[PDB]
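Take a look at this single chain, the form deposited in one PDB entry, given in structure tokens.
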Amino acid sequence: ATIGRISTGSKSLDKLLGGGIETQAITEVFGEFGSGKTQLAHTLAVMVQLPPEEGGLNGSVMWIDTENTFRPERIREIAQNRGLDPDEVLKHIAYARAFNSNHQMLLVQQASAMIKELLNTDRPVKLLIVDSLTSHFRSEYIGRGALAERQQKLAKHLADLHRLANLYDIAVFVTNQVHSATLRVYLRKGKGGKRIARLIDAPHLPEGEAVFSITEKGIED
């Protein structure tokens, strides 16, 4: 299948991403708390649901939360301000809270069965969010030989993530605070409620930067 692109809500940021975030890839967005990673995840969970003419893929979402940062109220606000039905937007976001790194790995594996069933529907899964990919791995692996073990589990988790994205034509979006993903985006605060995105690593895309805002519509220019 050909690559689908999900608009982030920002024209500037979509331009940097060659149209938007891609299916059949793991897009990693990293930054300090408040850099806009979570607002971008919330905006994408709504945007993917829009028709292609609006920047979406008529798709369903699966969201894995390691730190309880998912906000239904924010999804609802973004949905309403984009002229979508908040109830329908929420019902197309399959949500799961991971309490440890092993639970997190298991949820990715269990998600394959769910995705299979939605493939021939009008709204198949086009987006899988993992916020925030490493929080459990960093807190659990402390002591002698902890670092080498963490790297091994992360690599397998990311391989399980890559497998779903290619096999089912899904865009995998992961967040991180501060490893090989297909696209790395460094996020930081600009001047005001403005953020700056820096494309660090990309195989088909040139390096660069884009500026965006955080509003009642989630993410825009």
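Numbers for residues come from their place in the sequence shown, where the first is 1.
- According to the entry, the deposited sequence has 4 to 9 residues without coordinates between residue 178 and residue 179.
- Annotation for 22 to 30 versus 187 to 195: the higher mean temperature factor (C-alpha) is found in 187 to 195.
- The stretch 149 to 157 shows the higher mean C-alpha B-factor when 149 to 157 is compared against 40 to 48 in the entry.
- Looking only at 98, 142, 75, 93, the residue with the top Cα B factor in the deposited structure is 142.
- Among the modelled residues of its chain, residue 1 has a C-alpha B-factor that falls in the highest third according to the deposited record.
- In the PDB entry, residue 64 places in the lowest third of its chain by CA B-factor.
- For residue 170, the recorded CA B-factor ranks within the middle third of the chain. Only modelled residues enter the ranking.
- Among all modelled residues in its chain, residue 113 ranks in the highest third by Cα B-factor.
- Among all modelled residues in its chain, residue 123 ranks in the highest third by Cα B-factor.
Another form, the form solved in complex with a partner chain, is not on view; read the next lines as being about it.
- Across the options 36 to 44, 186 to 194, 61 to 69, 22 to 30, residues that bring heavy atoms within 4.5 Å of its partner chain in the entry with it bound belong to 61 to 69.
- No residue in the set 210, 214 and 219 has a non-hydrogen atom no more than 4.5 Å from its partner chain in the entry with it bound.
- In the entry with it bound, its partner chain lies within 4.5 Å of some heavy atom of residue 107.
- When its partner chain is considered in the entry with it bound, residue 91 lines it closely, a heavy atom lying within 4.5 Å.
- Contact between residue 79 and its partner chain in the entry with it bound is not found at the 4.5 Å heavy atom cutoff.
- Within this chain, residue 96 lines the site of its partner chain in the entry with it bound, having a heavy atom no more than 4.5 Å away.
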